[PDB]
Amino acid sequence: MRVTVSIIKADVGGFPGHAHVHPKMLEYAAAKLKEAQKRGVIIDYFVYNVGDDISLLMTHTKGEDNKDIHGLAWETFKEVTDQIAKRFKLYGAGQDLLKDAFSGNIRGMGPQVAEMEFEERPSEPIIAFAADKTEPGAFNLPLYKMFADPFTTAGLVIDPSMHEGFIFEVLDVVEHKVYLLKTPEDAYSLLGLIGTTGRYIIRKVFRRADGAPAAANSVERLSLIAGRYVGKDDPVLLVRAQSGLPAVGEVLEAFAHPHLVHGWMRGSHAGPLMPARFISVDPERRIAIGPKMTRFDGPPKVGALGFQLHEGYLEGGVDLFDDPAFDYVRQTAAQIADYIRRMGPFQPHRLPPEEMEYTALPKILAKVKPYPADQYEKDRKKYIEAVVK
Amino acid sequence: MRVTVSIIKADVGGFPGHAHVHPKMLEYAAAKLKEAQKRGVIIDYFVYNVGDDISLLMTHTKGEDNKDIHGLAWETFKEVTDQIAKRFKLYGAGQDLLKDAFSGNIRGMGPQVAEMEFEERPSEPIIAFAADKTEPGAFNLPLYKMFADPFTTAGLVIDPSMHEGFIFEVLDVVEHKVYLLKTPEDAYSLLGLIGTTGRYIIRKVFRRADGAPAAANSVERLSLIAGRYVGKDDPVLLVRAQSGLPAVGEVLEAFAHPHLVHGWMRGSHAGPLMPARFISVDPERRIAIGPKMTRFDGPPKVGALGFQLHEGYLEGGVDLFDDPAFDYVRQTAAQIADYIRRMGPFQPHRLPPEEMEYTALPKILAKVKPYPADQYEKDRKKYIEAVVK
Amino acid sequence: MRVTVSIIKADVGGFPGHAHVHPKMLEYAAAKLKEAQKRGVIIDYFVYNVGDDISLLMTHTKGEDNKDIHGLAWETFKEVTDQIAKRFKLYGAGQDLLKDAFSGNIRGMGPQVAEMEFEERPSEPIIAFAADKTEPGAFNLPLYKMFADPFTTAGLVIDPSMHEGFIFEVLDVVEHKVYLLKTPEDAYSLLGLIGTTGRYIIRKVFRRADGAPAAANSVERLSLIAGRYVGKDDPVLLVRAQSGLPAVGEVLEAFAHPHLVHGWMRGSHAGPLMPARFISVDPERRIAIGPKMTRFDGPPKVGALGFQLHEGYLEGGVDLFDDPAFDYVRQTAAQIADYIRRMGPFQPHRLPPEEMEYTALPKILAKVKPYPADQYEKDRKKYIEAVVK
Amino acid sequence: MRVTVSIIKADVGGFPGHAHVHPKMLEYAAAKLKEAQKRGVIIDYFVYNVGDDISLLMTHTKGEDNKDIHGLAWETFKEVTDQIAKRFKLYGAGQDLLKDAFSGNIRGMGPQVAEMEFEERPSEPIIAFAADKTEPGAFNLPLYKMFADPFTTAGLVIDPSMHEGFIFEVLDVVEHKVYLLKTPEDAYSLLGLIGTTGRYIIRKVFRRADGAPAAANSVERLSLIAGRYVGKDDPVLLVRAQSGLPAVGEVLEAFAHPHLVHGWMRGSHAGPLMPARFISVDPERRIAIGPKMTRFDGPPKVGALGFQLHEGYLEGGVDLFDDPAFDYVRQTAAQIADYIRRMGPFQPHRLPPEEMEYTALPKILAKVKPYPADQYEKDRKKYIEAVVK
Amino acid sequence: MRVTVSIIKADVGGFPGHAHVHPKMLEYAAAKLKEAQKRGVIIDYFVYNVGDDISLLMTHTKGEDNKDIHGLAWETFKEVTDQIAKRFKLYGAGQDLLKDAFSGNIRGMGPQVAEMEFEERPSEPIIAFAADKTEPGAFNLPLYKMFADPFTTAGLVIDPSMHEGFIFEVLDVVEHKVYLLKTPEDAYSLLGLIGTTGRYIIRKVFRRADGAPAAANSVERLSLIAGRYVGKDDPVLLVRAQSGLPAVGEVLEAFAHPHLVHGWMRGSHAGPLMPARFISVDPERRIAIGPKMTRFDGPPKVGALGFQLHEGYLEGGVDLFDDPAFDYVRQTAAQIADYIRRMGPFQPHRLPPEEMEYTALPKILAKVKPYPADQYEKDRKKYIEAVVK
Ligand SMILES: [Mg+2]
Ligand SMILES: [Mg+2]
Ligand SMILES: [Mg+2]
Ligand SMILES: [Mg+2]
Ligand SMILES: [Mg+2]
């Protein structure tokens, strides 16, 4: 049967600040999806956060971009906001709900969506990822590695079925243009685009042999609402694994180096993406509680829950960064976070001025007197004595 | 009384991919062996996985190579497959069940067997090991060290009762020949064979003083069924300890260096064997849940459960890698895994081409034009300009 | 007496590639300045490289921006180029000599200049720095720390004479505007500018108590010549120390964290600034040979030579990063270089696209077909089947 | 002008054992090439060892595979052998000189050759490498990375001139077949071959844009002479850098991970390739003394000397692994050597039995009685009691 | 020709204390052996220290235990003592010269001797070792490993010529008994003796195939002279390498773990044996200056000089611990020294009371009142109140 797997995620309130979610928020979302499941809206669901981002993972047969699935997640977030976040005066209550009324599609309203529809395979293993305190281009390097780096995914070289490579759908989120690139032939051009992780973001990946969908990363073109740019809020990512697609372990290997990503404190710094464990995973209650953000509102972290689909039912999730081999990767990330933080407010630890979520440049350039550099040279001495006097 | 201890193991489905087992699979196997115990088929049992490999450890008085014990494990695996793995569309559901019908002996049908029969001693401590993502020759180095390396087992030198050494039964799994070698005299010839861990595998070890059985490692001659070679699937290992045999701590010391073994991703790489803790051990329900495989489907891991036998009853199991002294060994293994993975698809991190579980060599040699090296030299320039043009 | 200390630096040829300088280049420059000294053009000099950048440090009484001092360095670089670099076909021979004819001022012709004129104090300790494979804003973080961070320079807090702070002259090299900011009051606005190290660069620093010059960093507004942007070539830096100015050790402390700077391979990456030893320092021949650039053309490195001035004579230089305490800082830098290099061509290890010295974006956007994102959505399936077929 | 650069290398005697060369051997070779230069046979030369391997690097205008250049190196090695190695009874005196008489071509007589002829560029930087205690496929991983891995060579992605990639000439040294593969399109097939580093070896690399030669690695088809296989003796490697070819730093970056290579003790183990410094480099005497091999006859080491060519003259060499950034890489290599050595004689630290330089398998299989595995099972008890009695 | 290689060593004065030797002492010894060589007493020589121990290495054709060679070393030590050590009032001047008059044999007079006579092979590589601040049983573990541990010397397993193993001549230095043990068969009994490194010391090793001498370690039965025990003064060790004997690298591998040895401060502690570099090796002057002993008079250190013999002439020496791979081993030794020193005067960091070079037990038991334990119990209260009052 064809099945759609959708992750719809928002930050609708933190506890405290942007450190984590209030557990009643997940409990409320899970009870609400349980009712949708009883009514036949969806087949199955799993609710979880990483930091203060909540992901609603839902399986159903209504296809991609479906009004009722998008509206169900909208209402679940609205209700969590009204009944829990506003009630407890959570920090940034309702923050990612940026319109008063649902239009038909949740994309561009604040929440992030990653979804794929496909024929359910004889075994259908999938992994859902959520990263907090970063942007969707944080997954550019791991998506490139798992689908196109033969030092990550050994099947590209030793598995006859993966020899033909993959198709990447890359969104320019500034000029709203899509590029389709194919590896191995196009790997250098692809990198020339996706290395600029704030602008050119891998949105989907397809198997080249047959076009099957292999991954979907949540990203939208930038738009402006109120003060705010939307499109590059903290991402969620779905990946199908095995049988012509990368093995679950090749997918996870692509996260084994905790690379520097943009976001962290005030969406304005770069720091290492730490692959973190969930605090708890309860497959019976359909709820996982993910890790907190602490020093400097991070470092940014990514969680991974693996599932096996059967007729759309989600058996899991399984925390796939729970292994002493990944402790070494978390230890490297903790040490790199401490190293780069000693840089304080300088690039490249602080982001490039056009990529900053926060600025006071406006207020500075309004108080500090500029001198044309030509005239300044002639008068340096006067200017300095003036400042001294 | 004489007692037989048998471990029969298979991979019959993973969750997700090859990362772990579904816990209902162990619960079902344990309830099924509990019924066999009620009917008097076996005395006692313990069910556990490491990665996606399930071990059925059973004690009974039917001797080695027994049709009813082998058939009981066959049916338990078949039923787990039909009722749980196929139901949840687990990855590689039934993978190690390679014939439609049980012949009398489970050896050579896919599952691995290690078993010993002996007079139960006044104290009978034993250790059961299971390693996932490797081959039976992974235990060649630890078996050699615990029975013949005086830097591992101090009793060889300071215990008068162990001075006469041990007999190793070594299977050439390619030409189906058995060698019997005795240490200390034959240590260099033994090493000359078992250093080739993909071909010459220690299958049993006996005490030289009296012939008592000391260890049994699961290994079978290679055969071909369907696409597949069988014999060298992930191994299980039984070792008896103390009183003329190595102490429990000398047995564990032989795993204290996390040596490089063959297997890991796609059965086609080498990586360190990490001695891992079980996630949980429940001696009342007769079930232990072992560690996951994560980055690159590993690294390979070995678990150890110790037991004391009384009239065949299994008091335990006790996780014998649960000690801060072994954290240092897991930390070394995590760091070596990260180091060797930077080698990507090159030997010796990728295995020798004859030892590979996976290859695309076939597909490559069918697309890439070879030039005889003699003629090539004469025409190099033409050939290169041709490629350039 | 008033004395001018000028450092004029260029890269005029590498050996091999951009790894180092040919030692005859320093020998020729030193013999040429020795002749200028005999003729009374300058008082004293010291010639040295870091990587493939040669610094001519000269002391004289002709003031800042002097035609004869700038012309002497021009001719010395021209002659080194003609007689040594072109002769040995050195890589990038004459690279920083970007006009055919000297105009009066070497600034904006390719070479970098840092110079200060002042009354020579009763003791006049100064430090000259040269960094290779980075931009002048690499010194923004150390200049800020040594003059305004009380965790670096303890005299700001415990030395009554430094309590009034410093004046920073900050050049916007894009719009050619100068800002004058004073610490402590203006520290947050200053950081808001100089954190953008590619655009707002500290060019001079003055003591606030009396206006005395304290530091000069080589930086020019950006201009275009041939293919090339000039202004942000590898910098050189002069700092006066002690008696109301930071102690020599507070100046060096500002380099004790090897922060990430822009440059390294192809002027297009970020990597740690390693404080390196000179290979040799010969105070009698007036020549120091600085460190090589190796992996990935770096990592970027900074050398420090301290001098005591007497009547303009330069007693030194002394390698001031030659101490086991700085080995720990070099070890951190080597480890961070290895960590960040695993990021390959992704930001923030690769620079922001507007800050890149190298791009192939042009060639990419000319070969890869863009689809308007709106229409693309409607037709995704057609587009993918097309790519697959 | 067209120039040929040739490295011809042999081991003709060690001091002591296989640890290093006697310095008189390099002095004699240098005086002999100085005479050839005086007679106009060659333009310029540099003589150096790494471990007990001596490289004669010569520049000349006689093209590749030239009888007089090959014969000059033959005679230089013969004379070093007769006058120095035999005189001092050096270990393996003349070892790589495997015929009594020179045939016209030194290839296949024992010594290794890497050579390229090309038009000398406006700047012609090149690097010569020599590795001791390994095989030519040791350079497969670094050659692949510097010409085809965009995580090593950033110019593949950001340098428009390198976008078209490279052509690899791969020798199957077992069946004497050449493959020509082009990256990026053919990267997975190339890896599928060169990952088997003992059989498929990169021999040359060409720029795809124009066919220019970019690298030459010393490798010959296997042949048998006396007891001995020739073709895979310790290799030497030439690489041209910059301007469409990888920068000197991208070439060195490809050695920044000290990957496991085959060779080390008795040509029969795997251990990390350590990038080592030369003990001394004397550009005036044309002699560099490279590092010793110590524990376990290694670990294997590679040295790198960079040169700038002018009319064929070799200005250099410059030790390009002499940088604190590479100390961290040597420290990793020393730690991995200590880790893997604890494996003693087991694969994969000992090589696969078909790849071994040394075996005693012959002598073992002649003393140890094999039992057919079928009959053995029936009689195990008799066999063990027999051994015990 | 048959050649004898003899090392005769003594400590005859330290500079300062027991930290090193005065360099004039080596210069005087070298000039004296140069005269003996001119007179034809010996063929060739090399003079060197490690710590405050001087080794005279001499080659000659007078066989083992020769009066004129032993007397030449006696007189050289006497003269160094009279002319240099007494002149400069060096610490422990003449300390190891324990009789007034030479008897014919230097063994048992204080100096240590290791010597072997053999037919000089077609290549005759040998290594001379000297360890300071330890006893001859310090070399028990490395001699056992290089001749009998297949995890150290891979030739035992893969070299048909070494398959038959070795004969160890073990001296019980307490009861003056010799044992002859052969490996592999006798390895456990051998270890049962030589594990007691203060009593049973390997003195010689012979190849089992033909009886050829392979090593000689300096050790004598204990005797008493004046206050002093002689026999176990700091040792020197000769080893022949290659061709049926362990390769030079297998010999050095046996020192790659810096094991704990007895000696260090006051000959009364245990600490790690650090494999150290020589400060300088001058093959023309026949002199090497070895490392100092510093913290706590150590840690104990071993130096290794390799030579190639030709007609008895000593070409070398070559410092065979000079390799970054051994820096890691020195770093481990420095860290273990710091760890164990925090134990202060407790076993096992302080030696067992019968193995102590120093004791004050005598003086203690003469001041401290013992109470019979039986009566003490009855009266504890009285005894304590007495002490308190
Ligand atoms: Mg968030
Ligand atoms: Mg398995
Ligand atoms: Mg430069
Ligand atoms: Mg060699
Ligand atoms: Mg001493």
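The rules behind the values
- Residues numbered from 1 in each chain as written, not as in the entry; some residues may be left out.
- Chains lettered and ligands numbered in written order.
- Part of a larger assembly, values for the part shown.
- Heavy atoms only, no water.
- Helix = DSSP H or I, 4+ residues; strand = E, 2+ residues; numbered from the N terminus.
- Contact = heavy atoms within 4.5 Å.
- Polar contact = N/O pair within 3.5 Å; in protein donor to acceptor, adjacent residues only side chain to side chain.
- Salt bridge = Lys/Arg side-chain N within 4 Å of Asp/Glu carboxyl O.
- Buried area = accessible area lost by both parts, 1.4 Å probe.
- Nonpolar A, V, L, I, M, F, W, Y, C, P; charged D, E, K, R; others polar.
- UniProt positions renumbered as here; feature names shortened; annotations may be inferred.
- Axes fitted to C-alpha atoms, helices over the stretch in contact; angles between N-to-C directions.
- Parallel < 35°, antiparallel > 145°, perpendicular 65-115°, else oblique.
- Left-handed = near helix turned anticlockwise from the far one by under 90°.
- Donors = N, O, S within 2.8 Å, 3.2 Å for Na, K, Ca; no water.
- Buried < 20%, exposed > 50% of the residue type's maximum accessible area, 1.4 Å probe, protein only.
- Least-squares fit on C-alpha atoms.
- Pairing = 2+ DSSP bridges.

**Description of the environment of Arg295(B)**
- Along the chain, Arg295(B) falls in the loop between β17 (287-289) and β18 (301-310).
- Apart from the residues lying within four places of it in its own chain, the contact partners of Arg295(B) are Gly249(A), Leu252(A), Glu253(A), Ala256(A), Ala325(A), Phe326(A), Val329(A), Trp264(B), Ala337(B), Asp338(B) and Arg341(B).
- Polar side-chain contacts of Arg295(B) include one of 2.9 Å to the side chain of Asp338(B).

**A few points about the arrangement of the chains**
- Across the gap from chain A to chain E, with no contact made, the nearest C-alpha atoms are 21 Å apart.
- One finds no contact between chain C and chain E; the C-alpha atoms of the two approach each other to within 15 Å at their closest.

**Focus: the pattern of salt bridges**
- If you walk through the whole model with that rule in mind, you get 192 salt bridges over all chains.
- When the shortest N-O distance is used, the salt bridge between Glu164(A) and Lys363(B) registers 2.8 Å. Within this pair, whereas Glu164(A) is found in the loop between α4 (155-158) and β6 (166-172), its partner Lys363(B) is found in helix α8 (residues 361-365), the two belonging to separate chains.
- Residue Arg277(A) pairs with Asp327(A) through a salt bridge whose shortest N-O separation is 2.8 Å. Here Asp327(A) lies in helix α7 (residues 324-341) and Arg277(A) lies in the loop between β15 (274-275) and β16 (280-282), a separation of 50 residues in the sequence.
- If you follow the salt bridges from partner to partner, you end up with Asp65(A), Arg107(A), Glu169(A), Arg203(A), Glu220(A), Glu377(C) and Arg380(C) in one network.

**Quick look at the interface of chain A and chain B**
- Each side of the interface is counted separately: chain A has 46 residues, and chain B has 44 residues.
- Surface buried jointly by chain A and chain B totals about 3,500 Å² across both partners, of which 61% is contributed by carbon and sulfur atoms.
- If you sort the residues of chain A by the area they bury against chain B, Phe151(A), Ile158(A) and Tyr328(A) come out on top, with a joint share of 18%.
- The tally of links from chain A across to chain B stands at eight salt bridges.
- One salt bridge in this structure joins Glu253(A) and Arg295(B), with 2.8 Å as the shortest N-O distance.
- Run the count over chain A and chain B and you get 21 residue pairs in polar contact.
- The set of elements that each furnish at least two residues to the side of chain A that touches chain B consists of β5 (124-132), α4, α6 (248-253), β18 (301-310), β19 (313-319) and α7 of chain A.
- Residue classes in the side of chain A that touches chain B are distributed as 23 nonpolar, eleven polar and twelve charged.

**A look at the UniProt feature "active site" in chain A**
All names here are of chain A.
- The UniProt record marks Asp11, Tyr229 and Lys232 with the feature "active site", using the residue numbering of this structure.
- Mapped onto the secondary structure, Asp11 falls in the loop between β1 (2-10) and α1 (23-38).
- At a separation of 3.0 Å, a polar atom in the side chain of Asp11 contacts the main-chain amide nitrogen of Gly13.
- For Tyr229, the position within the fold is in strand β11 (residues 228-230).

**With respect to the packing of α7(A) against helix α7 (residues 324-341) of chain C**
- Where α7(A) contacts α7(C), the two axes come as close as 12 Å, and the packing angle between them is 120°. Taken together, the axes of α7(A) and α7(C) are oblique relative to one another. For the pair α7(A) and α7(C), the sense of crossing is left-handed. Contacts between α7(A) and α7(C) involve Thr332(A), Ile336(A) and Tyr339(A) on the former and, on the latter, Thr332(C), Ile336(C) and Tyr339(C).
- Looking at the contact of α7(A) with α7(C), its residues break down into four nonpolar, two polar and no charged.

**Quick word on the interface of chain A and chain C**
- Opposite the 72 residues of chain A that make contact, chain C presents 72 residues.
- In total, chain A and chain C occlude about 6,000 Å² of area from one another, counting both sides; carbon and sulfur atoms represent 67% of this.
- Where chain A touches chain C, the interface holds eight salt bridges.
- The partner of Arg221(C) in a salt bridge is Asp374(A), and the shortest N-O contact between them spans 3.5 Å.
- Applying the counting rule to chain A against chain C returns 22 residue pairs in polar contact.
- Ranked by the residues each element gives to the side of chain A that touches chain C, the list is headed by helix α9 (residues 373-388) of chain A, at nine residues.
- By residue class, the composition of the side of chain A that touches chain C is 40 nonpolar, 13 polar and 19 charged.

**Examining the coordination of the magnesium ion (ligand 3)**
Residues and elements named next belong to chain C.
- Protein coordination at the magnesium ion (ligand 3) comes from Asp52 (OD), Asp53 (OD), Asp132 (OD) and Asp234 (OD), with a distance range of 2.2 to 2.4 Å.
- Written as a sequence motif, the donor arrangement for the magnesium ion (ligand 3) is D-D-x78-D-x101-D. Of this pair, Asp53 sits in strand β3 (residues 53-60) while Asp132 sits in strand β5 (residues 124-132); the two residues are 79 residues apart in sequence, bridging distant segments of the chain. Of the two residues examined, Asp53 and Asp132, each falls in the buried class.

**Focus on the relation of the copies chain A and chain B**
- Mapping chain A onto chain B is achieved by rotating through 90° and translating by 0.0 Å along the same axis, at an RMSD of 0.0 Å. Each copy turns onto its partner about a four-fold axis. Considering only C-alpha atoms, the residue of chain A closest to the rotation axis is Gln331(A), which sits at 7.5 Å.

**Observations concerning the sheet that holds strand β2 (residues 44-50) of chain B**
All names here are of chain B.
- Within the open sheet, the six strands sit side by side as β4-β1-β3-β2-β17-β16. Their pairing is mixed. On the outer flanks of this sheet lie β4 (112-119) and β16 (280-282), each paired with one strand and no other. Pairwise comparison of adjacent strand axes, ignoring direction, gives a mean angle of 10° for this sheet.
- The pairing of β2 with strand β3 (residues 53-60) spans seven bridges and is antiparallel. Paired with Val47 across the strands is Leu56, a residue of β3.
- Packed onto the sheet, helix α1 (residues 23-38) meets β2, β3 and β17 and runs at close to 165° relative to β2.
- Docked against the sheet, helix α2 (residues 67-85) engages β1 (2-10), β3 and β4, running at close to 145° with respect to β3.

**Here we look at the sheet that holds strand β3 (residues 53-60) of chain E**
Residues and elements named next belong to chain E.
- If you walk across this open sheet you meet the six strands as β4-β1-β3-β2-β17-β16, and the pairing is mixed. Across the chains shown, the open sheet's two edge strands, defined by having one partner strand only, are β4 (112-119) and β16 (280-282). Taken over all neighbouring pairs, the strand axes of this sheet differ in orientation by 10° on average, direction set aside.
- Bridge count for strand β1 (residues 2-10) against β4 is eight bridges, and the pairing is antiparallel. When the sheet's bridge partners are listed, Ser6 is paired in β4 with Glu115.
- Packing of helix α1 (residues 23-38) onto the sheet brings it into contact with β2 (44-50), β3 and β17 (287-289), and relative to β2 it is tilted by some 165°.
- The strands touched by helix α2 (residues 67-85) within the sheet are β1, β3 and β4, with β3 carrying the most contacts at an inclination of about 145°.

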